[PDB]
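Visitor:
2 protein chains.
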Amino acid sequence: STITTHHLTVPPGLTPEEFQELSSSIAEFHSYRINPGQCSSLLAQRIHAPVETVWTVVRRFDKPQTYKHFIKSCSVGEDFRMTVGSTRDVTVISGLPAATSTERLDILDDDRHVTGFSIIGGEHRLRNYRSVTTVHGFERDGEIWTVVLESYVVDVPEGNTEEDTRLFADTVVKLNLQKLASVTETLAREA
Amino acid sequence: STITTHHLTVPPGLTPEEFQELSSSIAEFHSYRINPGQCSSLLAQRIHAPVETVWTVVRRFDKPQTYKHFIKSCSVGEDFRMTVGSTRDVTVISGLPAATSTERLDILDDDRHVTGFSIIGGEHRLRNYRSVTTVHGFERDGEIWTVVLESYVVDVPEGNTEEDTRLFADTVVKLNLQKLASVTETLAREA
Ligand SMILES: O=C(O)c1cccnc1
Ligand SMILES: O=C(O)c1cccnc1
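The listed protein sequences derive, respectively, from chains A and B. For the first sequence, UniProt numbering gives the first residue as 28, with consecutive numbering after it. For the second sequence, UniProt numbering gives the first residue as 28, with consecutive numbering after it.
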């Protein structure tokens, strides 16, 4: 059992100067105690849009399809409210027969721009998956931009190397963060 | 048994005027006779780069990782030459235990900018997968751009709707074409 070290390495796609401004947030929100058989990763994405524009999309637990790829549909309860412990049923585009991943909302902090979720049923390739996404505003000489950080911890299935699990989860997260950027930059450029 | 009708519908992300310039090419290269239990799709991507810049990337059968997502590695023979009937072994990022998809190069026409491949082993979700990619130059008042068209035909696995198979294959193709655009536009803007 160890503690992750995401707060001591510059995540790809981030400047060292950006990283050093984010160190405390990475320690607070993007650290995990990991056991053997588990792996963890931290991904970053710079977005040329204001923080609240990005957050408004990131915080919509009931509409992951807005920025995530491979979502066929997302269903929530009839009296769903955006509250910790609530769940969503996501239908992922797998090439396999129709199914659903049940996901639990773990964190929602509208003041600090933190959210996170856990996969609690369905996707057997990501058993014990848990992620946290945070949104951060930057300013330099009157210019503003945003950085989104997303980390996860996950169990490595029996009969898989860590390096294959990480490579799948990283690719999904990185692609989703790219879509988040395009979606919110379009919104920023247009609105 | 029917003939696909990709040449009579405007593919998403294409203007009707672009489509009507491409009708003959869609009929020649992006038509398939499909049997029940099979589905087919045509995808388009506009790229702001010259045709040969895009083609140089599209034609590299031995380096699909340059524009495709989820590729861990690609291996070809020791005396591999870029010739029809040649194969490549691609390791796809599945979240599942390491494996390989064997893919056959079906077409290569450097004069008409046509290529295509078939999956001939591995990916059981895409049995009988076959695609064709063509690259087309456009000009308007001295401005030039490119359009890439990619179609496939594939068997729908037992225990799957067509709509789930198509949605997976379409998402993969569309995402790959997006990467192709970014890769080649970067190359065009920079070089
Ligand atoms: O955020 C998700 O839904 C996700 C991330 C990594 C892998 N699979 C799913
Ligand atoms: O082009 C590919 O490699 C591909 C396209 C669709 C689905 N799976 C793979």
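Cβ coordinates follow ideal geometry from the N, Cα and C atoms, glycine included.
Just to check my reading of the structure: residue 200 of chain A and residue 70 of chain A have Cβ atoms closer than 8 Å, yes? What is that Cβ distance to the nearest angstrom?
Guide: 5 Å
Visitor: Would you call the CB atoms of residue 183 of chain B and residue 66 of chain B closer than 8 Å?
Guide: Yes, the Cβ-Cβ distance between residue 183 of chain B and residue 66 of chain B is below 8 Å.
Visitor: In chain order, what residues of the same chain have a beta carbon less than 7 Å from the beta carbon of residue 103 of chain A, not counting five sequence neighbours either side?
Guide: 89 and 115
Visitor: Three Cβ pairs or more, each shorter than 8 Å: is that satisfied between the region 129-147 of chain A and the region 151-170 of chain B?
Guide: no
Visitor: Check each candidate in A/62, A/209 and A/97 and name the one with the smallest Cα separation from residue 117 of chain A.
Guide: A/97
Visitor: Skipping 5 residues on each side, what residues in its chain have a beta carbon closer than 7 Å to that of residue 91 of chain A?
Guide: 98, 101 and 117
Visitor: Should residue 76 of chain B be counted as a contact of ligand 2 given a C-beta to heavy atom distance under 7 Å?
Guide: The closest heavy atom of ligand 2 lies 7 Å or more from the beta carbon of residue 76 of chain B.
Visitor: Under 8 Å Cβ-Cβ, which residues of chain A neighbour residue 3 of chain B?
Guide: No statement about residue 3 of chain B is possible, as the shown extent of chain B runs from 28 to 218 and does not include it.
Visitor: Spatial neighbours of residue 205 of chain B within its chain, please: C-beta separation below 6 Å, excluding the five flanking residues on both sides.
Guide: Only residues of its own chain outside the window of five on either side were considered, and among them none has a CB closer than 6 Å to the CB of residue 205 of chain B.
Visitor: Is any heavy atom of ligand 2 found at a distance shorter than 7 Å from the C-beta of residue 95 of chain B?
Guide: yes
Visitor: Examine the Cβ distances between the region 172-186 of chain A and the region 148-159 of chain A and report whether three or more of them are shorter than 8 Å.
Guide: yes
Visitor: On the DSSP bridge list, what partners appear for residue 64 of chain B?
Guide: Listed as beta-bridge partners of residue 64 of chain B by DSSP are no residues whatsoever.
Visitor: Just the Cα atoms here: how many angstroms apart are residue 171 of chain A and residue 83 of chain A?
Guide: 17 Å
Visitor: Give the range of the alpha helix (DSSP H) segment to which residue 193 of chain B is assigned.
Guide: 189-217
Visitor: Alpha carbons only, please: which of A/30, A/147, A/177 and A/79 is nearest the one belonging to residue 214 of chain A?
Guide: A/79
Visitor: Cβ of residue 63 of chain A less than 8 Å from any chain B Cβ?
Guide: no
Visitor: Taking residue 113 of chain A as the reference, give the member of A/125, A/120 and A/147 with the closest Cα.
Guide: A/147
Visitor: From residue 50 of chain B to residue 33 of chain B, what does the alpha carbon distance come to, in whole angstroms?
Guide: CA-CA distance, residue 50 of chain B to residue 33 of chain B, rounds to 9 Å.
Visitor: Residue 130 of chain B and residue 144 of chain B: beta carbons closer than 8 Å?
Guide: yes
Visitor: Whole angstroms is fine: what's the gap from residue 176 of chain B's alpha carbon to residue 191 of chain A's?
Guide: Cα-Cα distance, rounded: 31 Å.
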